[PDB]
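Raw contents of protein-v3.cif, mmCIF, C-alpha atoms:
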```cif
data_structure
#
loop_
_atom_site.label_atom_id
_atom_site.label_comp_id
_atom_site.auth_asym_id
_atom_site.auth_seq_id
_atom_site.Cartn_x
_atom_site.Cartn_y
_atom_site.Cartn_z
CA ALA C 10 98.24 -129.54 73.90
CA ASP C 11 95.85 -128.73 76.75
CA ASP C 12 93.81 -126.10 74.89
CA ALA C 13 96.70 -123.75 73.98
CA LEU C 14 95.95 -120.03 73.54
CA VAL C 15 94.95 -119.30 69.94
CA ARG C 16 95.31 -116.02 68.13
CA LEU C 17 92.16 -114.21 67.07
CA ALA C 18 92.54 -113.50 63.34
CA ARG C 19 90.89 -110.07 63.57
CA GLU C 20 92.76 -108.76 66.63
CA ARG C 21 95.04 -105.78 66.06
CA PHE C 22 98.18 -105.31 68.22
CA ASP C 23 99.83 -102.17 66.82
CA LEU C 24 97.74 -100.06 69.18
CA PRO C 25 98.18 -96.50 70.50
CA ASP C 26 98.65 -96.18 74.28
CA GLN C 27 95.14 -94.82 74.77
CA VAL C 28 93.65 -97.83 72.98
CA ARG C 29 95.90 -100.58 74.34
CA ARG C 30 95.04 -99.30 77.83
CA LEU C 31 91.34 -100.08 77.33
CA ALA C 32 89.89 -102.76 79.58
CA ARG C 33 87.55 -105.38 78.11
CA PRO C 34 84.24 -103.97 76.77
CA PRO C 35 81.46 -103.54 79.40
CA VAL C 36 78.75 -106.20 79.58
CA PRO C 37 75.55 -104.62 78.28
CA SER C 38 72.23 -105.45 79.92
CA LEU C 39 68.75 -106.41 78.77
CA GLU C 40 65.68 -106.09 80.98
CA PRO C 41 63.62 -109.21 81.72
CA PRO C 42 62.29 -111.35 80.08
CA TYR C 43 65.55 -110.77 78.18
CA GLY C 44 69.03 -111.39 79.49
CA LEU C 45 72.67 -111.09 78.39
CA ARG C 46 75.61 -112.75 80.15
CA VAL C 47 79.30 -113.28 79.44
CA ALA C 48 79.88 -116.55 77.59
CA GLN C 49 81.66 -119.38 79.40
CA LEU C 50 84.14 -121.88 78.00
CA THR C 51 81.40 -124.42 78.76
CA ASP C 52 79.15 -122.71 76.20
CA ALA C 53 81.52 -124.08 73.55
CA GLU C 54 79.46 -127.20 72.76
CA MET C 55 76.23 -125.23 72.45
CA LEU C 56 77.83 -122.53 70.29
CA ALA C 57 79.59 -125.01 67.99
CA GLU C 58 76.18 -126.60 67.43
CA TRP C 59 74.52 -123.23 66.82
CA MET C 60 77.20 -121.98 64.44
CA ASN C 61 77.10 -125.24 62.45
CA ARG C 62 73.50 -124.56 61.53
CA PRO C 63 72.46 -123.50 57.98
CA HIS C 64 71.93 -119.77 58.52
CA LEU C 65 74.89 -119.21 60.86
CA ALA C 66 77.49 -121.38 59.13
CA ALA C 67 77.14 -119.22 56.02
CA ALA C 68 77.07 -115.83 57.78
CA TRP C 69 79.75 -116.45 60.43
CA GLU C 70 81.83 -119.14 58.72
CA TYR C 71 82.74 -120.20 62.26
CA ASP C 72 81.41 -123.73 61.90
CA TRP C 73 84.11 -125.45 63.98
CA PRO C 74 84.11 -128.29 66.54
CA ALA C 75 83.39 -127.54 70.20
CA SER C 76 87.12 -127.76 70.93
CA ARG C 77 87.81 -124.89 68.55
CA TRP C 78 84.91 -122.69 69.67
CA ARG C 79 86.37 -123.28 73.11
CA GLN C 80 89.62 -121.75 71.90
CA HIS C 81 87.81 -118.84 70.24
CA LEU C 82 85.89 -118.15 73.44
CA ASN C 83 88.97 -118.43 75.65
CA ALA C 84 91.06 -116.19 73.37
CA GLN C 85 88.43 -113.45 73.69
CA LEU C 86 87.84 -113.91 77.42
CA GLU C 87 91.55 -113.72 78.15
CA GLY C 88 92.03 -110.39 76.42
CA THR C 89 90.59 -106.88 76.49
CA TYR C 90 89.45 -106.84 72.87
CA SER C 91 86.33 -108.91 72.24
CA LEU C 92 83.55 -109.80 74.67
CA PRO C 93 81.41 -112.85 73.84
CA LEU C 94 77.84 -112.74 75.12
CA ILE C 95 74.92 -115.16 75.34
CA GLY C 96 71.37 -113.92 74.89
CA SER C 97 68.39 -115.45 76.62
CA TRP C 98 64.64 -115.20 77.11
CA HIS C 99 62.28 -117.26 79.28
CA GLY C 100 65.13 -119.35 80.68
CA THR C 101 66.53 -120.36 77.30
CA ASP C 102 69.66 -119.36 75.44
CA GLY C 103 68.94 -118.32 71.87
CA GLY C 104 71.59 -115.82 70.80
CA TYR C 105 75.32 -115.08 70.65
CA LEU C 106 77.03 -111.70 70.35
CA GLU C 107 80.50 -110.20 70.24
CA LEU C 108 81.08 -106.69 71.56
CA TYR C 109 84.60 -105.62 70.63
CA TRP C 110 86.73 -102.47 70.49
CA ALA C 111 86.94 -101.46 66.82
CA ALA C 112 90.31 -99.76 67.35
CA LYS C 113 91.62 -103.20 68.39
CA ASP C 114 90.09 -104.87 65.32
CA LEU C 115 90.82 -105.43 61.63
CA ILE C 116 88.12 -102.97 60.57
CA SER C 117 90.13 -100.06 61.97
CA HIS C 118 92.34 -100.42 58.87
CA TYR C 119 89.48 -99.47 56.55
CA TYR C 120 88.29 -96.31 58.25
CA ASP C 121 89.62 -93.81 60.80
CA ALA C 122 88.46 -95.32 64.09
CA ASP C 123 87.89 -93.28 67.23
CA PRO C 124 89.44 -94.87 70.35
CA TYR C 125 86.08 -95.73 71.86
CA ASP C 126 84.47 -97.13 68.72
CA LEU C 127 82.68 -100.40 69.39
CA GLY C 128 81.84 -103.20 66.99
CA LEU C 129 79.02 -105.72 67.28
CA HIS C 130 78.53 -109.17 65.78
CA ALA C 131 75.28 -110.97 66.60
CA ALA C 132 73.43 -114.17 65.70
CA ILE C 133 70.12 -115.84 66.51
CA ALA C 134 70.31 -119.61 67.07
CA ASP C 135 66.65 -120.10 66.13
CA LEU C 136 66.43 -120.27 62.33
CA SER C 137 62.78 -119.66 63.18
CA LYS C 138 62.86 -116.39 65.18
CA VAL C 139 65.17 -115.05 62.48
CA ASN C 140 62.35 -115.03 59.92
CA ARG C 141 60.20 -113.40 62.62
CA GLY C 142 62.05 -110.10 62.90
CA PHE C 143 63.13 -110.88 66.45
CA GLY C 144 66.61 -109.43 65.96
CA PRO C 145 65.35 -106.05 64.65
CA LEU C 146 63.35 -105.78 67.88
CA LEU C 147 66.13 -106.54 70.39
CA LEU C 148 69.07 -104.93 68.59
CA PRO C 149 67.85 -101.40 69.42
CA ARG C 150 67.78 -102.20 73.16
CA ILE C 151 71.20 -103.84 73.05
CA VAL C 152 72.71 -100.88 71.23
CA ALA C 153 71.15 -98.47 73.71
CA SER C 154 72.61 -100.49 76.58
CA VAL C 155 76.02 -100.56 74.87
CA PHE C 156 75.92 -96.77 74.41
CA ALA C 157 74.75 -96.33 77.99
CA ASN C 158 77.69 -98.32 79.39
CA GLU C 159 80.24 -96.32 77.41
CA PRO C 160 79.27 -92.62 77.04
CA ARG C 161 82.57 -92.15 75.23
CA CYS C 162 81.66 -94.52 72.39
CA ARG C 163 80.70 -92.32 69.42
CA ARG C 164 79.57 -95.21 67.19
CA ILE C 165 78.91 -98.92 66.86
CA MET C 166 80.36 -100.69 63.80
CA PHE C 167 78.57 -103.33 61.72
CA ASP C 168 80.42 -105.33 59.07
CA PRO C 169 78.09 -107.76 57.26
CA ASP C 170 79.21 -109.68 54.15
CA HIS C 171 78.66 -107.40 51.12
CA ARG C 172 76.15 -109.98 49.86
CA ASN C 173 74.11 -110.01 53.09
CA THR C 174 71.43 -107.68 51.73
CA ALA C 175 68.98 -108.49 54.53
CA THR C 176 71.45 -107.22 57.15
CA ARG C 177 72.72 -104.32 55.03
CA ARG C 178 69.14 -103.10 54.57
CA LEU C 179 68.64 -103.24 58.33
CA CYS C 180 71.72 -101.03 58.75
CA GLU C 181 70.38 -98.66 56.13
CA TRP C 182 66.88 -98.41 57.61
CA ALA C 183 68.37 -97.79 61.05
CA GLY C 184 70.25 -94.74 59.83
CA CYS C 185 73.79 -96.14 59.78
CA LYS C 186 76.43 -94.22 57.87
CA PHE C 187 77.74 -96.35 54.99
CA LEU C 188 81.53 -96.57 54.90
CA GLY C 189 82.03 -98.58 51.71
CA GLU C 190 82.70 -102.15 50.65
CA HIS C 191 86.16 -103.44 51.56
CA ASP C 192 88.07 -106.60 50.68
CA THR C 193 89.44 -108.02 53.89
CA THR C 194 91.69 -110.87 54.93
CA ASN C 195 89.11 -113.46 53.89
CA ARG C 196 86.00 -111.75 52.49
CA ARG C 197 84.47 -108.56 51.09
CA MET C 198 82.33 -106.70 53.60
CA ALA C 199 80.10 -103.62 53.73
CA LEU C 200 81.07 -101.34 56.62
CA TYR C 201 78.40 -99.43 58.52
CA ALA C 202 78.55 -97.03 61.46
CA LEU C 203 75.62 -96.34 63.81
CA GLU C 204 76.33 -92.90 65.32
CA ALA C 205 75.46 -92.55 69.01
CA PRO C 206 72.34 -90.47 69.73
CA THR C 207 72.99 -86.73 69.85
#
```

For the structure just supplied, provide its representation as structure tokens.
Amino acid sequence: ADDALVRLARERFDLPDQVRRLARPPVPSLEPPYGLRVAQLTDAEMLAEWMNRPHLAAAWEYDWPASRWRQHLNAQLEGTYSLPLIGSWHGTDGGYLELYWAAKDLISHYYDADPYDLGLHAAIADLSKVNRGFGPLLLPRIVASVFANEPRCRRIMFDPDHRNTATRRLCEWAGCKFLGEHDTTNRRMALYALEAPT
């Protein structure tokens, strides 16, 4: 039972040749004092702790034991679908993200996805900096980086819980195109698309 390979619930396998052929999503970059790096299986303990916190346990529902987060991380790292990232500033890790190919994800069943569509999940470990509007500040840079790395990507997908008004409003103020509420495997979400700059 030495950490067997688990199956990511949201991963789609009935992919077209163009999509299946896609390598793992590029690692975006943030200029100092901010940094982004690929997560490591050793980040499991830290992430499990982060995700078991009030604000994240309710929004991600991924409040599992280190062992499990280890499996989630490994499953992503071993494929070419989702890329887990750690965000830092001033030598400290304070954020977790997931940059994944939308065409290889569950959300591609609720809208016509372009082959290079990218999705982005993100969380701030500091319950504090959340109430500070830290995310709204960094997100724009991250998105720009993401778009920069993949000139082919026509949009970045956001899928907050339909009840997450705070996040939905952010999507709205940013100019995202609303793509409806959809009942999915385990929850009802509000799908938003941030079109790449023209």

Give me the result of the PyMOL selection byres ((chain C and resi 52) around 12) on this file, residue by residue, as a PyMOL selection string.
chain C and resi 46-51+53-60+75-83+93-96+102-105

Would you kindly translate the PyMOL selection byres ((chain C and resi 165) around 6) into the concrete residues it picks from this file, as a list in words?
residues 127, 128, 164, 166, 202 and 203 of chain C

Give me the residues near residue C:187 as a ChimeraX atom specification, where near means some atom within 10 Å (using all atoms listed in the file) and where sequence neighbours in that chain fewer than 5 positions away do not count.
/C:167,177,180-181,199-203

Go ahead and write the selection's residues with C-alpha atoms as a tab-separated table (two decimals), keeping the file's coordinate frame.
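Output saved as selection_28.tsv:
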```
chain	number	residue	atom	x	y	z
C	167	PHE	CA	78.57	-103.33	61.72
C	177	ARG	CA	72.72	-104.32	55.03
C	180	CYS	CA	71.72	-101.03	58.75
C	181	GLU	CA	70.38	-98.66	56.13
C	199	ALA	CA	80.10	-103.62	53.73
C	200	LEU	CA	81.07	-101.34	56.62
C	201	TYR	CA	78.40	-99.43	58.52
C	202	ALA	CA	78.55	-97.03	61.46
C	203	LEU	CA	75.62	-96.34	63.81
```

Judged by only C-alpha atoms, the minimum distance to residue C:119 among C:139, C:188, C:31, C:14 is found for C:188

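When all atoms listed in the file are used to compute distances to residue C:19, the closest of the residues C:194, C:185, C:106, C:65 turns out to be C:194.
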
What lies within 8 Å of residue C:110 using only C-alpha atoms, ignoring chain neighbours under 6 positions off, as a ChimeraX atom specification?
/C:34,90-91,125-128

Step by step: locate stretch 49-155 of chain C in the block above, keep C-alpha atoms, then write the file as a PDB file, in the first residue's frame.
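Everything below was put into decode-v6.pdb:
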```pdb
ATOM      1  CA  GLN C  49       6.540  18.749  -3.768  1.00  0.00           C
ATOM      2  CA  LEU C  50       5.184  15.576  -2.194  1.00  0.00           C
ATOM      3  CA  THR C  51       6.876  16.888   0.956  1.00  0.00           C
ATOM      4  CA  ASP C  52       4.505  19.880   0.947  1.00  0.00           C
ATOM      5  CA  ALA C  53       1.757  17.409   1.867  1.00  0.00           C
ATOM      6  CA  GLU C  54       1.941  17.999   5.633  1.00  0.00           C
ATOM      7  CA  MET C  55       1.876  21.776   5.240  1.00  0.00           C
ATOM      8  CA  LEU C  56      -0.986  21.685   2.731  1.00  0.00           C
ATOM      9  CA  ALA C  57      -3.085  19.256   4.787  1.00  0.00           C
ATOM     10  CA  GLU C  58      -2.711  21.699   7.681  1.00  0.00           C
ATOM     11  CA  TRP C  59      -3.607  24.687   5.503  1.00  0.00           C
ATOM     12  CA  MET C  60      -6.628  23.027   3.909  1.00  0.00           C
ATOM     13  CA  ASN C  61      -7.945  21.907   7.313  1.00  0.00           C
ATOM     14  CA  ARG C  62      -8.286  25.530   8.354  1.00  0.00           C
ATOM     15  CA  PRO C  63     -11.720  27.245   8.682  1.00  0.00           C
ATOM     16  CA  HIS C  64     -11.771  29.262   5.454  1.00  0.00           C
ATOM     17  CA  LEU C  65     -10.160  26.620   3.226  1.00  0.00           C
ATOM     18  CA  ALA C  66     -11.919  23.510   4.540  1.00  0.00           C
ATOM     19  CA  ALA C  67     -15.246  25.037   3.514  1.00  0.00           C
ATOM     20  CA  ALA C  68     -14.146  26.377   0.114  1.00  0.00           C
ATOM     21  CA  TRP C  69     -11.963  23.461  -1.038  1.00  0.00           C
ATOM     22  CA  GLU C  70     -13.515  20.601   0.933  1.00  0.00           C
ATOM     23  CA  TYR C  71     -10.070  19.006   0.657  1.00  0.00           C
ATOM     24  CA  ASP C  72      -9.534  18.726   4.405  1.00  0.00           C
ATOM     25  CA  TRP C  73      -7.721  15.373   4.363  1.00  0.00           C
ATOM     26  CA  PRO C  74      -4.729  13.919   6.261  1.00  0.00           C
ATOM     27  CA  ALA C  75      -1.195  14.561   4.994  1.00  0.00           C
ATOM     28  CA  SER C  76      -1.139  11.042   3.540  1.00  0.00           C
ATOM     29  CA  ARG C  77      -4.091  11.864   1.295  1.00  0.00           C
ATOM     30  CA  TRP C  78      -2.863  15.307   0.226  1.00  0.00           C
ATOM     31  CA  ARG C  79       0.296  13.420  -0.656  1.00  0.00           C
ATOM     32  CA  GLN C  80      -1.751  11.267  -3.011  1.00  0.00           C
ATOM     33  CA  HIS C  81      -3.540  14.286  -4.476  1.00  0.00           C
ATOM     34  CA  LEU C  82      -0.218  16.011  -5.091  1.00  0.00           C
ATOM     35  CA  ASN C  83       1.393  12.919  -6.595  1.00  0.00           C
ATOM     36  CA  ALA C  84      -1.592  12.208  -8.857  1.00  0.00           C
ATOM     37  CA  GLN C  85      -1.293  15.704 -10.323  1.00  0.00           C
ATOM     38  CA  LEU C  86       2.497  15.703 -10.584  1.00  0.00           C
ATOM     39  CA  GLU C  87       2.488  12.376 -12.393  1.00  0.00           C
ATOM     40  CA  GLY C  88       0.126  13.524 -15.116  1.00  0.00           C
ATOM     41  CA  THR C  89      -0.172  16.308 -17.677  1.00  0.00           C
ATOM     42  CA  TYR C  90      -3.467  17.687 -16.395  1.00  0.00           C
ATOM     43  CA  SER C  91      -3.131  19.666 -13.170  1.00  0.00           C
ATOM     44  CA  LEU C  92      -0.110  21.564 -11.867  1.00  0.00           C
ATOM     45  CA  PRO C  93       0.035  22.267  -8.114  1.00  0.00           C
ATOM     46  CA  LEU C  94       1.915  25.410  -7.113  1.00  0.00           C
ATOM     47  CA  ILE C  95       3.098  26.983  -3.859  1.00  0.00           C
ATOM     48  CA  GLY C  96       3.093  30.753  -3.448  1.00  0.00           C
ATOM     49  CA  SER C  97       5.595  32.617  -1.331  1.00  0.00           C
ATOM     50  CA  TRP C  98       6.710  36.052  -0.190  1.00  0.00           C
ATOM     51  CA  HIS C  99       9.614  37.099   2.049  1.00  0.00           C
ATOM     52  CA  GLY C 100      10.816  33.512   2.439  1.00  0.00           C
ATOM     53  CA  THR C 101       7.474  32.134   3.591  1.00  0.00           C
ATOM     54  CA  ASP C 102       4.917  29.916   1.913  1.00  0.00           C
ATOM     55  CA  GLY C 103       1.414  31.334   2.138  1.00  0.00           C
ATOM     56  CA  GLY C 104      -0.559  30.114  -0.863  1.00  0.00           C
ATOM     57  CA  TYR C 105      -1.526  27.093  -2.960  1.00  0.00           C
ATOM     58  CA  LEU C 106      -2.733  27.019  -6.566  1.00  0.00           C
ATOM     59  CA  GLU C 107      -3.748  24.553  -9.236  1.00  0.00           C
ATOM     60  CA  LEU C 108      -3.215  25.402 -12.891  1.00  0.00           C
ATOM     61  CA  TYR C 109      -4.957  22.776 -15.009  1.00  0.00           C
ATOM     62  CA  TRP C 110      -6.052  22.220 -18.612  1.00  0.00           C
ATOM     63  CA  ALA C 111      -9.817  22.797 -18.708  1.00  0.00           C
ATOM     64  CA  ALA C 112     -10.241  20.445 -21.677  1.00  0.00           C
ATOM     65  CA  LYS C 113      -8.859  17.698 -19.398  1.00  0.00           C
ATOM     66  CA  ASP C 114     -11.235  18.650 -16.569  1.00  0.00           C
ATOM     67  CA  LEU C 115     -14.832  18.094 -15.473  1.00  0.00           C
ATOM     68  CA  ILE C 116     -15.801  21.671 -16.325  1.00  0.00           C
ATOM     69  CA  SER C 117     -15.352  20.971 -20.041  1.00  0.00           C
ATOM     70  CA  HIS C 118     -18.680  19.115 -19.847  1.00  0.00           C
ATOM     71  CA  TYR C 119     -20.575  22.308 -19.000  1.00  0.00           C
ATOM     72  CA  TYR C 120     -19.274  24.575 -21.744  1.00  0.00           C
ATOM     73  CA  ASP C 121     -17.507  24.203 -25.098  1.00  0.00           C
ATOM     74  CA  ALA C 122     -13.844  24.307 -24.094  1.00  0.00           C
ATOM     75  CA  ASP C 123     -11.077  25.398 -26.428  1.00  0.00           C
ATOM     76  CA  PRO C 124      -8.059  23.036 -26.388  1.00  0.00           C
ATOM     77  CA  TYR C 125      -5.824  25.556 -24.659  1.00  0.00           C
ATOM     78  CA  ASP C 126      -8.307  26.691 -22.026  1.00  0.00           C
ATOM     79  CA  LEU C 127      -6.741  26.844 -18.585  1.00  0.00           C
ATOM     80  CA  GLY C 128      -8.404  26.634 -15.186  1.00  0.00           C
ATOM     81  CA  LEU C 129      -7.144  28.068 -11.911  1.00  0.00           C
ATOM     82  CA  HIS C 130      -7.883  27.167  -8.297  1.00  0.00           C
ATOM     83  CA  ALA C 131      -6.167  29.253  -5.619  1.00  0.00           C
ATOM     84  CA  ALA C 132      -6.123  29.635  -1.831  1.00  0.00           C
ATOM     85  CA  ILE C 133      -4.424  31.829   0.770  1.00  0.00           C
ATOM     86  CA  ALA C 134      -3.235  29.996   3.894  1.00  0.00           C
ATOM     87  CA  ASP C 135      -3.389  33.167   6.001  1.00  0.00           C
ATOM     88  CA  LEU C 136      -6.989  33.639   7.161  1.00  0.00           C
ATOM     89  CA  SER C 137      -5.596  37.108   7.853  1.00  0.00           C
ATOM     90  CA  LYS C 138      -4.273  38.248   4.449  1.00  0.00           C
ATOM     91  CA  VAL C 139      -7.545  36.988   2.988  1.00  0.00           C
ATOM     92  CA  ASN C 140      -9.509  39.774   4.706  1.00  0.00           C
ATOM     93  CA  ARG C 141      -6.797  42.153   3.467  1.00  0.00           C
ATOM     94  CA  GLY C 142      -7.463  41.869  -0.260  1.00  0.00           C
ATOM     95  CA  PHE C 143      -4.084  40.241  -0.852  1.00  0.00           C
ATOM     96  CA  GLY C 144      -5.460  37.773  -3.396  1.00  0.00           C
ATOM     97  CA  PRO C 145      -7.109  40.469  -5.573  1.00  0.00           C
ATOM     98  CA  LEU C 146      -3.665  42.084  -5.804  1.00  0.00           C
ATOM     99  CA  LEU C 147      -1.619  39.026  -6.833  1.00  0.00           C
ATOM    100  CA  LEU C 148      -4.190  37.234  -8.986  1.00  0.00           C
ATOM    101  CA  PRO C 149      -3.798  39.758 -11.835  1.00  0.00           C
ATOM    102  CA  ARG C 150      -0.030  39.140 -11.998  1.00  0.00           C
ATOM    103  CA  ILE C 151      -0.469  35.372 -11.870  1.00  0.00           C
ATOM    104  CA  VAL C 152      -3.037  35.447 -14.655  1.00  0.00           C
ATOM    105  CA  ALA C 153      -0.790  37.652 -16.774  1.00  0.00           C
ATOM    106  CA  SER C 154       2.074  35.204 -16.253  1.00  0.00           C
ATOM    107  CA  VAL C 155      -0.194  32.264 -17.130  1.00  0.00           C
TER     108      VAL C 155
END
```
